[PDB]
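Remarks on the structure that follows.
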Amino acid sequence: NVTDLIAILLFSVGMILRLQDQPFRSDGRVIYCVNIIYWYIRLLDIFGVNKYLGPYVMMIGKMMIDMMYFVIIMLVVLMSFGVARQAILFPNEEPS
Amino acid sequence: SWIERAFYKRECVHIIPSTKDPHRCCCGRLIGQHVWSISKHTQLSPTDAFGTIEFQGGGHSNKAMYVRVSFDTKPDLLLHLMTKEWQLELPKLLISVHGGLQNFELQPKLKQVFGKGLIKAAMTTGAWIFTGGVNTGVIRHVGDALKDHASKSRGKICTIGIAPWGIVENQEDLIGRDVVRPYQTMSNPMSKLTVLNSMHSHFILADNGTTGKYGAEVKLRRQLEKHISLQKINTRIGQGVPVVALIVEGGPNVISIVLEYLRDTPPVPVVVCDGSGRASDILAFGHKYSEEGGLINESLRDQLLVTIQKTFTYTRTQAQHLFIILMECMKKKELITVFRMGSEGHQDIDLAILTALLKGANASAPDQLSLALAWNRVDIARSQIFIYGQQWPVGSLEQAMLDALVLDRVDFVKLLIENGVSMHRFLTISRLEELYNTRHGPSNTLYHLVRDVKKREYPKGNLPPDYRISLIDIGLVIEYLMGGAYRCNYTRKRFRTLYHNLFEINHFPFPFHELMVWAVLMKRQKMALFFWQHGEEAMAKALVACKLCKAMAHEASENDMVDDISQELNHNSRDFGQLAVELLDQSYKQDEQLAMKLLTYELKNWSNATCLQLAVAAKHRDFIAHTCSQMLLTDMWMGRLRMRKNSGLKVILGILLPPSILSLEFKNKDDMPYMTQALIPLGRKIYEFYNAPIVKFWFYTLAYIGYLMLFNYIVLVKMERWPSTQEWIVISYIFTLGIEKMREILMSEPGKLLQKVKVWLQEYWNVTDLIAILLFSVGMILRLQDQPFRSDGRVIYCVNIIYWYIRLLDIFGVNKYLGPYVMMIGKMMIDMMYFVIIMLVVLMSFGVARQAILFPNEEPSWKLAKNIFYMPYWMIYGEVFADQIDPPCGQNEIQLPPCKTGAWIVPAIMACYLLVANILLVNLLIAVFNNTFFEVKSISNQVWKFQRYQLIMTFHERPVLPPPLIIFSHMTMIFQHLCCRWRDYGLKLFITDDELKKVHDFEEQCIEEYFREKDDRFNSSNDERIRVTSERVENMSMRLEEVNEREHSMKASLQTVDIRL
Amino acid sequence: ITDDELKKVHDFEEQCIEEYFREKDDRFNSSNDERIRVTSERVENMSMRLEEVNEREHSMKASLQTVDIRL
Ligand SMILES: CC(C)CCC[C@@H](C)[C@H]1CC[C@H]2[C@@H]3CC=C4C[C@@H](OC(=O)CCC(=O)O)CC[C@]4(C)[C@H]3CC[C@]12C
Ligand SMILES: CC(C)CCC[C@@H](C)[C@H]1CC[C@H]2[C@@H]3CC=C4C[C@@H](OC(=O)CCC(=O)O)CC[C@]4(C)[C@H]3CC[C@]12C
Ligand SMILES: CC(C)CCC[C@@H](C)[C@H]1CC[C@H]2[C@@H]3CC=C4C[C@@H](OC(=O)CCC(=O)O)CC[C@]4(C)[C@H]3CC[C@]12C
Ligand SMILES: CC(C)CCC[C@@H](C)[C@H]1CC[C@H]2[C@@H]3CC=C4C[C@@H](OC(=O)CCC(=O)O)CC[C@]4(C)[C@H]3CC[C@]12C
Ligand SMILES: CC(C)CCC[C@@H](C)[C@H]1CC[C@H]2[C@@H]3CC=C4C[C@@H](OC(=O)CCC(=O)O)CC[C@]4(C)[C@H]3CC[C@]12C
Ligand SMILES: CC(C)CCC[C@@H](C)[C@H]1CC[C@H]2[C@@H]3CC=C4C[C@@H](OC(=O)CCC(=O)O)CC[C@]4(C)[C@H]3CC[C@]12C
Ligand SMILES: CC(C)CCC[C@@H](C)[C@H]1CC[C@H]2[C@@H]3CC=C4C[C@@H](OC(=O)CCC(=O)O)CC[C@]4(C)[C@H]3CC[C@]12C
Ligand SMILES: CC(C)CCC[C@@H](C)[C@H]1CC[C@H]2[C@@H]3CC=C4C[C@@H](OC(=O)CCC(=O)O)CC[C@]4(C)[C@H]3CC[C@]12C
Ligand SMILES: CC(C)CCC[C@@H](C)[C@H]1CC[C@H]2[C@@H]3CC=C4C[C@@H](OC(=O)CCC(=O)O)CC[C@]4(C)[C@H]3CC[C@]12C
Ligand SMILES: CC(C)CCC[C@@H](C)[C@H]1CC[C@H]2[C@@H]3CC=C4C[C@@H](OC(=O)CCC(=O)O)CC[C@]4(C)[C@H]3CC[C@]12C
Ligand SMILES: CCC1(c2ccccc2)C(=O)NCNC1=O
């Protein structure tokens, strides 16, 4: 319900931006697409009523914590390789 | 409101005679407390004190109904009150407990034994206990016994106490009309009035008008006991309910009560107890020292006189009068049963009570047997009624057998069968019809089944209430519940001819079969398990009972009945299935070949079926997955071939190179002839080889794998205007296979076409087959036209090639490892579908967001919906489309197109989508597949082992020739059908009579082994041994303590003897 | 619900409470551990009081021997 109200405030911001002229209309459109992402996940919660889909959804929510720890370890290894590759292959770079 | 309008009461309206105390009237109440006709002048009125009593305090809370009644009321009305308003059934036994009104204490062992006896006697026979009501003396001991009863037994012992209304404390507390009135169990010691006993069940509190005086209830209680004893018991053999009179202690009046009981028509037995004292002890001292009843000599006469004058403290003439009343009692010495603590006094209250009832009835042994049947006491019947030398009337034992059967008494049927009654000489058609029309015992759903089959047979409706269910209707019920082509013996023409001509020819050859079916139909599980043990064809009976219980459970669930009935019927079905499995285990352990002969022989008493067919028709997965049934199915699979070494290759060599058949080792002519309906050696070998199920399956498989290549050739190479030779072969294969599938629709098990189609559509691989033959017909019709329809027919041909490769997967289903693998895949499709649903939500969210950001100015077109699903779906399988993740734009490298607004969001939500999909959901489906692998694997193995039978029966019923040449065999069947018109699906054995007797004797040996082994395993378990040791140690400690008391007494006697000498 | 239905519900609840408690007492009394403990305590009490029975049997045998010697 609080994610619902956050995505209604976001829709209000997107509508207020869209009802003006350019370049704010495209910004309102960009907000509309993030809203469509949220409403598909709200459809996942609506699937939560079914006797098999519901436990599946909270099972996914339980494995998010293990996913986060995997993300942390992958983040350390990923920036180590990325910084090493970018720092070797591009020696003369300006701050950007 | 009936209770007030039917019962009356009396209140003290007198002249207030003072006598001794001026406040105390003739009724004893206070002189200002007012508001028989002799000196009390009482008036009659409707009652105002009746309802329910909530006993507050005294430990356990117990609710007791109560009425205040007049002492002169007719006992029939009160009997109607107990039977109707209090909802109490007529008891099988009446107990009248009498004793001293003064409080007394007994020995602890005597009190414990008397309490346990009175509780068990009221519990097993379902008796009524009649006490004095108030919580004094013997009724207080009965109340302590009932307190112990509510501490270790789930009985609601009906213990109606009758007390004077004027003597119970707090008379104003019990005033109401159907009103729950609380009561106090506390008793003031200063008040002469006593409270009621706390844990009685009902109260017949009787008012004569007076208060604080007794005598208002004795005549009413005696008349009510007489009126109950005049009522006939439910056995209807010609006897009323038995009445016993238990006496503990007592005073002067209980001797007169014993005289009234003994000198009565009919006489009432009296059971007394020893060790309490007073009148019971003088009765015991008279009874031991009696000689020939009233023949009592002078010395014990004077001893009885001095003990009466001492213990009761009376004069000489009062003791002489009491001794005269004692001798008048003792003239009827046979009725009085004396219980003695310890010694040889039956060591129990209840053996004394029930033996006293049996010889107080003094009737024939049928009457005693019907009394024991009503009391549900098999043990007393065995130890008294069936003693040695007992004379039995002719035909009475079979009547008792019928009465025991209709009342659902397992142990009485066991006792009667062990005592000479035989089922073959007893069970007739009329007796079985009476058993099928009984109304006693537990409830059943047979009447619903009879109503349904009567509605289906004659579309009437509800049956009349006075409907006698014939055996033909029972046969229709069995035919409906069994299903398929089952035909009960009742509905055959021989039985209908015997029924019309009669309503040892009427006796059943296998009476335990009919008793098993009747016990299963009316849901009497213990009697069904007893009837399973006795008789032949045990495994067939178990499988038939399993299918019948499952079908009755399904019908009870379908008719919206009580769900507990359906659960109990499913439990009965599972118990019978477990019995059949254990019998198969025992038969496999003893002899393998005789177990095969047991499994395959035709059951003439069960519609010519087979034990394997009965197990398959009951979906018994554990029966067919057993090793004996599996290797039996393997023997059915090879046909008339020994072989059994390097399978597959030898029959493929036989099919491809037919001279290899002659070198194959064939089976004997009568080794195991599984048949359906009951140069020359070279032709016999060829016919025996080509009709084997494994040979037919490999011929059909090698034709399938030569059809699939031809289909591949015609779809890969181009086609001209007319089809080539290989396409004509493929078209011929499809048409002959379609004709074969219609022939499987026609030659099915049911009789009406819609049922044939409905049975055929359970095999999903056949309806998918027919769908892909209709699709081929559509594709051929489109292809035989000109362009552009020819390419459409080609496009349909490729979807057909996809289906036929999956049909090859089902053909791999025959192999012992590939088959369970295929159904394992089919089980994981559901988890795959749920993963598809979650992936679909995440996939369209990313696709819609990406397409809506990167393409702002778009017209309505169906390419948007394609672009939603196109690239995010291939993003899962290692193709991220790296050139389109974030192309450079808004710069000059040639002028690039300008940057779309918010186009930087697309790689970020791409990152979140790829992470969630590829890492979360795929690994979660890995975990789902992994943690449900073991159960699915075991279930798939067992289901494949079950479906081996369906595969074997299908490929044995198939034509010999493969589908591209099956039109010759189809014309052969058409010509044979036309010849038979112009002029039994299974594989049985059809053994002879001596082989049948050998098989039956093997089955009885297996049944005895299985049951007894189970008894030996139960008796040798740790739990049963520990329980037996604990019970023996308890009995040993308490009787051993009695040995110690006797050892102390013997040491005292030896010390006195040594002191004397 | 009404008052008669309330009384029926309350009586059903008391029946369920008695069933649950007593069933628990029956399950406790029929367990292997409680049976083994009761058997061991009864056997101990029986051995020690039985040893007292033996001492009294020796005394009674001595008294019977003395009485036989006297007569
Ligand atoms: C288009 C792109 C950006 C993909 C979107 C990815 C995420 C924004 C989504 C994908 C799956 C979603 C998850 C799917 C399942 C659940 C469980 C559900 O939570 C519960 O049911 C509460 C109980 C529990 O957490 O166990 C809702 C949140 C959560 C973590 C969701 C949070 C948002 C997630 C990570
Ligand atoms: C360890 C794992 C589980 C998480 C770490 C990965 C993300 C934090 C990275 C991977 C891809 C990255 C994105 C790749 C490309 C872009 C586009 C970039 O925008 C531009 O460069 C502007 C347009 C242009 O110049 O072409 C802004 C950052 C962003 C969204 C990046 C944000 C950070 C992301 C999502
Ligand atoms: C940029 C590229 C070159 C990637 C770098 C790869 C390796 C140099 C890193 C990646 C993960 C590292 C490992 C992550 C975790 C551990 C456990 C940790 O060891 C302990 O905590 C000691 C106890 C134990 O070994 O169980 C430190 C070493 C080790 C093996 C690390 C050794 C170095 C590894 C293999
Ligand atoms: C332990 C781990 C998580 C540390 C990872 C740190 C880096 C990812 C961060 C920290 C410092 C950052 C730098 C801090 C300062 C700058 C200067 C900045 O220059 C400008 O914005 C241009 C200045 C101007 O012209 O106004 C460009 C990004 C950069 C290189 C940042 C790039 C990203 C860096 C290396
Ligand atoms: C029993 C099972 C395991 C195998 C039985 C199937 C094969 C013996 C069949 C199925 C596909 C057939 C092929 C399908 C198509 C052709 C093309 C055909 O060539 C032509 O029609 C044009 C040239 C010519 O006329 O010879 C020659 C036969 C051949 C190779 C066939 C040879 C026999 C094959 C391999
Ligand atoms: C029963 C089916 C399902 C499997 C049995 C396989 C064989 C009996 C079939 C399969 C492919 C057939 C072949 C497919 C094509 C040809 C080409 C055909 O060539 C011609 O007729 C040449 C002259 C012309 O083009 O008319 C001769 C028969 C032959 C060898 C066929 C012979 C019979 C074969 C080997
Ligand atoms: C060329 C492309 C289109 C690939 C084709 C994909 C599907 C059309 C196929 C691939 C695997 C097939 C499955 C493989 C295994 C089985 C088990 C089998 O079912 C049984 O044996 C019944 C018992 C059970 O379902 O457990 C046949 C259906 C099914 C689900 C199949 C259904 C059709 C599937 C999904
Ligand atoms: C969540 C997962 C498990 C299932 C969702 C994926 C499918 C439903 C999608 C992914 C790829 C899609 C296909 C991608 C491309 C096409 C071609 C398209 O045909 C054309 O565009 C015509 C030819 C042309 O214009 O080039 C028709 C839809 C179809 C089959 C799409 C149908 C829907 C598909 C199978
Ligand atoms: C909860 C989830 C499953 C919802 C997903 C819905 C979308 C995938 C569907 C629903 C509405 C559909 C739209 C409904 C109407 C049109 C107009 C249609 O326009 C035409 O056919 C052209 C009209 C003409 O010229 O005749 C093109 C497809 C499109 C955009 C559809 C594209 C697919 C949409 C967005
Ligand atoms: C619910 C799960 C278990 C199954 C997945 C079902 C849907 C996700 C599939 C099935 C039917 C599919 C549709 C079948 C046909 C089309 C037409 C297709 O149209 C074109 O490609 C037009 C040609 C072009 O302009 O490129 C676009 C995809 C779409 C809507 C498909 C979108 C995805 C759908 C809805
Ligand atoms: C079409 C496949 C097949 C077949 C072949 C081998 C094994 C199982 C099934 C057949 O060729 N004719 C009978 N029924 C069939 O579906």
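Order determines the names: the first chain of the structure tokens is A, the second B, and so forth; residues in each chain are numbered 1 upward, and ligands are numbered 1 upward as they are shown.
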If we count only C-alpha atoms, which residues of chain A reach to within 7 Å of chain B? Please list them as a short mmCIF file (atom, residue, chain, number, x, y, z; two decimals) with C-alpha atoms, in the first residue's frame.
```cif
data_model
loop_
_atom_site.label_atom_id
_atom_site.label_comp_id
_atom_site.auth_asym_id
_atom_site.auth_seq_id
_atom_site.Cartn_x
_atom_site.Cartn_y
_atom_site.Cartn_z
CA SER A 26 8.75 13.47 -22.64
CA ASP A 27 9.76 13.51 -18.96
CA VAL A 30 9.48 8.53 -18.99
CA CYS A 33 7.07 3.79 -18.15
CA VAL A 34 8.47 3.36 -14.63
CA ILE A 36 4.13 0.46 -15.93
CA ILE A 37 7.00 -1.50 -14.34
CA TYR A 40 3.25 -5.35 -13.50
#
```
Handout entry: Close residues to ligand 4 using only C-alpha atoms and all ligand atoms, limit 10 Å, as a ChimeraX atom specification
Key = /A:75-76,79-80,82-83,93-96
Exercise for the section: Enumerate residues in contact with ligand 2: an atom-to-atom distance of at most 6 Å, counting only C-alpha atoms and all ligand atoms. Format the result as a list in words. Expected result: residues 71, 74 and 75 of chain A; 886, 887, 888, 904, 905, 907, 908 and 911 of chain B
Now that the selection is made, can you save its residues with C-alpha atoms as a compact mmCIF listing (two decimals), in the first residue's frame?
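Full text of part-v2.txt as output:
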```txt
# COMPACT_ATOMS: atom_id res chain seq x y z
CA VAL A 71 25.09 -8.96 -5.50
CA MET A 74 29.68 -9.86 -7.40
CA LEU A 75 29.90 -6.09 -7.01
CA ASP B 886 23.24 1.80 -25.30
CA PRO B 887 24.23 2.99 -28.78
CA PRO B 888 26.10 6.30 -29.05
CA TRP B 904 19.61 6.04 -20.12
CA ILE B 905 16.91 4.28 -18.06
CA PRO B 907 20.25 -0.09 -19.66
CA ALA B 908 19.46 0.27 -15.93
CA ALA B 911 20.38 -4.66 -15.73
```
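Our summary of the geometry notes that CA of residue 817 in chain B is positioned 16.3 Å from atom 7 (C, counted along the ligand's line) of ligand 11.
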Exercise for the section: Find the spatial neighbours of range 1011-1016 of chain B, counting only C-alpha atoms, within a cut-off of 9 Å - ignore same-chain residues fewer than 5 positions away - and output them as a list in words. Expected result: residues 533, 1006 and 1021 of chain B
Go ahead and dump the residues you just picked, C-alpha atoms, as a PDB file, in the first residue's frame.
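So part.pdb came out as:
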```
ATOM      1  CA  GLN B 533     -10.192 -64.374   6.877  1.00  0.00           C
ATOM      2  CA  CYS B1006      -0.794 -68.017   2.785  1.00  0.00           C
ATOM      3  CA  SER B1021       7.119 -56.256  19.847  1.00  0.00           C
TER       4      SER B1021
END
```
Handout entry: All residues 10 Å or closer to residue 17 in chain A, only C-alpha atoms, same chain fewer than 3 positions away omitted, as JSON, numbers by chain
Key = {"A": [11, 12, 13, 14, 20, 21, 22, 23, 24, 25, 26, 27, 28, 29, 31]}
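Close contacts of range 56-63 of chain A, defined as residues with an atom at most 8 Å away when counting only C-alpha atoms, with chain neighbours fewer than 2 positions off set aside, comprise residues 44, 45, 48, 52, 53, 54, 65, 66 and 67 of chain A; 920 and 924 of chain B.
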Exercise for the section: as a ChimeraX atom specification, list the residues of range 776-991 of chain B assigned to alpha helix (DSSP H) by DSSP on the backbone atoms of this structure. Expected result: /B:776-783,789-812,818-854,863-874,905-914,922-931,933-957,966-982
Same residues, C-alpha atoms, saved as a compact mmCIF listing (two decimals), in the first residue's frame:
```txt
# COMPACT_ATOMS: atom_id res chain seq x y z
CA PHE B 776 -2.90 -33.94 -41.50
CA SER B 777 -6.21 -34.29 -43.35
CA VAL B 778 -6.57 -30.49 -43.46
CA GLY B 779 -2.97 -30.18 -44.65
CA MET B 780 -3.44 -32.81 -47.36
CA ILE B 781 -6.65 -31.19 -48.61
CA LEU B 782 -4.86 -27.84 -48.76
CA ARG B 783 -1.79 -29.37 -50.44
CA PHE B 789 -2.75 -23.49 -50.56
CA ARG B 790 0.08 -25.97 -51.24
CA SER B 791 2.56 -24.05 -49.10
CA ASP B 792 -0.05 -23.90 -46.32
CA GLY B 793 -0.31 -27.69 -46.46
CA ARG B 794 3.49 -27.87 -46.22
CA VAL B 795 3.41 -25.58 -43.17
CA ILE B 796 0.87 -27.92 -41.54
CA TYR B 797 3.14 -30.90 -42.39
CA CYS B 798 6.00 -29.39 -40.36
CA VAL B 799 3.84 -28.97 -37.24
CA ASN B 800 2.88 -32.61 -37.74
CA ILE B 801 6.58 -33.58 -37.75
CA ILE B 802 6.95 -31.81 -34.38
CA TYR B 803 4.09 -33.88 -32.97
CA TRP B 804 5.47 -37.16 -34.31
CA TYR B 805 8.84 -36.61 -32.64
CA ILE B 806 7.00 -36.14 -29.33
CA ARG B 807 5.12 -39.36 -30.13
CA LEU B 808 8.55 -40.98 -30.42
CA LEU B 809 9.16 -39.72 -26.88
CA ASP B 810 6.06 -41.62 -25.75
CA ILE B 811 7.38 -44.69 -27.60
CA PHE B 812 10.57 -44.30 -25.52
CA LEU B 818 13.19 -43.55 -20.29
CA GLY B 819 9.55 -43.98 -19.25
CA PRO B 820 9.85 -42.66 -15.69
CA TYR B 821 12.03 -39.89 -17.13
CA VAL B 822 9.21 -38.87 -19.49
CA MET B 823 6.57 -38.77 -16.75
CA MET B 824 9.08 -36.93 -14.55
CA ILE B 825 9.29 -34.25 -17.26
CA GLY B 826 5.49 -34.19 -17.36
CA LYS B 827 5.40 -33.60 -13.61
CA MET B 828 7.88 -30.71 -13.78
CA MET B 829 5.78 -28.99 -16.49
CA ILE B 830 3.59 -27.48 -13.72
CA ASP B 831 6.56 -25.83 -11.97
CA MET B 832 7.74 -24.76 -15.42
CA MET B 833 4.35 -23.11 -16.03
CA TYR B 834 4.55 -21.15 -12.78
CA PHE B 835 8.08 -20.02 -13.71
CA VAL B 836 6.68 -19.02 -17.13
CA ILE B 837 3.97 -16.92 -15.44
CA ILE B 838 6.45 -15.02 -13.24
CA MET B 839 8.88 -14.60 -16.15
CA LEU B 840 5.99 -13.39 -18.29
CA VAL B 841 5.16 -10.61 -15.82
CA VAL B 842 8.79 -9.47 -15.55
CA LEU B 843 9.33 -9.88 -19.30
CA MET B 844 6.41 -7.74 -20.43
CA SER B 845 7.25 -5.12 -17.79
CA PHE B 846 10.76 -4.73 -19.22
CA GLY B 847 9.57 -5.02 -22.83
CA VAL B 848 6.83 -2.41 -22.48
CA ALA B 849 9.17 -0.05 -20.62
CA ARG B 850 11.94 -0.41 -23.22
CA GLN B 851 9.66 -0.05 -26.25
CA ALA B 852 7.77 2.86 -24.69
CA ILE B 853 10.95 4.76 -23.84
CA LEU B 854 12.97 4.15 -26.99
CA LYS B 863 4.64 -4.59 -34.35
CA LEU B 864 4.60 -2.91 -30.93
CA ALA B 865 3.28 -6.11 -29.34
CA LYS B 866 5.96 -8.08 -31.19
CA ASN B 867 8.65 -5.68 -29.95
CA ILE B 868 7.40 -6.17 -26.38
CA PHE B 869 8.26 -9.89 -26.49
CA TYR B 870 11.06 -10.08 -29.07
CA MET B 871 14.34 -9.01 -27.52
CA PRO B 872 13.58 -9.51 -23.75
CA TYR B 873 12.78 -13.16 -24.43
CA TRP B 874 16.08 -13.92 -26.18
CA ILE B 905 16.91 4.28 -18.06
CA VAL B 906 16.81 1.39 -20.57
CA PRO B 907 20.25 -0.09 -19.66
CA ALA B 908 19.46 0.27 -15.93
CA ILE B 909 16.13 -1.57 -16.11
CA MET B 910 17.86 -3.98 -18.50
CA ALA B 911 20.38 -4.66 -15.73
CA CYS B 912 17.65 -5.17 -13.13
CA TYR B 913 15.65 -7.40 -15.50
CA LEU B 914 18.63 -9.55 -16.48
CA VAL B 922 16.15 -19.68 -13.14
CA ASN B 923 17.99 -20.65 -9.95
CA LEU B 924 14.70 -20.72 -8.05
CA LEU B 925 13.30 -23.10 -10.66
CA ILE B 926 16.48 -25.16 -10.20
CA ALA B 927 15.70 -25.31 -6.47
CA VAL B 928 12.04 -26.19 -7.16
CA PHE B 929 13.07 -28.96 -9.57
CA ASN B 930 15.65 -30.24 -7.11
CA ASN B 931 13.62 -30.32 -3.90
CA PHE B 933 12.69 -34.50 -7.47
CA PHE B 934 12.53 -37.45 -5.07
CA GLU B 935 8.75 -37.63 -4.57
CA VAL B 936 8.14 -37.11 -8.29
CA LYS B 937 10.71 -39.79 -9.15
CA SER B 938 9.17 -42.39 -6.83
CA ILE B 939 5.64 -41.55 -8.00
CA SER B 940 6.72 -41.70 -11.66
CA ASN B 941 8.41 -45.08 -11.16
CA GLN B 942 5.31 -46.51 -9.49
CA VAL B 943 2.98 -45.01 -12.12
CA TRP B 944 5.11 -46.45 -14.94
CA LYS B 945 5.03 -49.87 -13.27
CA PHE B 946 1.25 -49.54 -13.03
CA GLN B 947 0.89 -48.51 -16.69
CA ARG B 948 2.94 -51.49 -17.90
CA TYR B 949 -0.34 -53.46 -17.73
CA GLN B 950 -2.19 -50.95 -19.92
CA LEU B 951 0.67 -51.09 -22.43
CA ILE B 952 0.70 -54.90 -22.43
CA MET B 953 -3.07 -55.31 -22.80
CA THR B 954 -3.18 -52.66 -25.55
CA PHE B 955 -0.39 -54.27 -27.55
CA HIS B 956 -1.89 -57.72 -27.10
CA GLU B 957 -5.25 -56.49 -28.39
CA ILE B 966 -2.95 -52.82 -41.19
CA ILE B 967 -5.62 -52.39 -43.88
CA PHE B 968 -5.29 -56.11 -44.71
CA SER B 969 -5.97 -57.08 -41.10
CA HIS B 970 -8.82 -54.55 -40.98
CA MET B 971 -10.44 -56.15 -44.03
CA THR B 972 -9.82 -59.51 -42.35
CA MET B 973 -11.77 -58.38 -39.26
CA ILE B 974 -14.51 -56.91 -41.47
CA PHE B 975 -14.85 -60.19 -43.40
CA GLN B 976 -14.83 -62.25 -40.18
CA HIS B 977 -17.47 -59.97 -38.62
CA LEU B 978 -19.65 -60.26 -41.73
CA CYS B 979 -19.23 -64.05 -41.76
CA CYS B 980 -20.16 -64.28 -38.07
CA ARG B 981 -23.16 -62.00 -38.61
CA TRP B 982 -24.27 -64.07 -41.62
```
Exercise for the section: Write out as a VMD selection string the residues lying within 9 Å of residue 638 in chain B, counting only C-alpha atoms and excluding same-chain residues fewer than 6 positions away. Expected result: chain B and resid 644 692 to 695
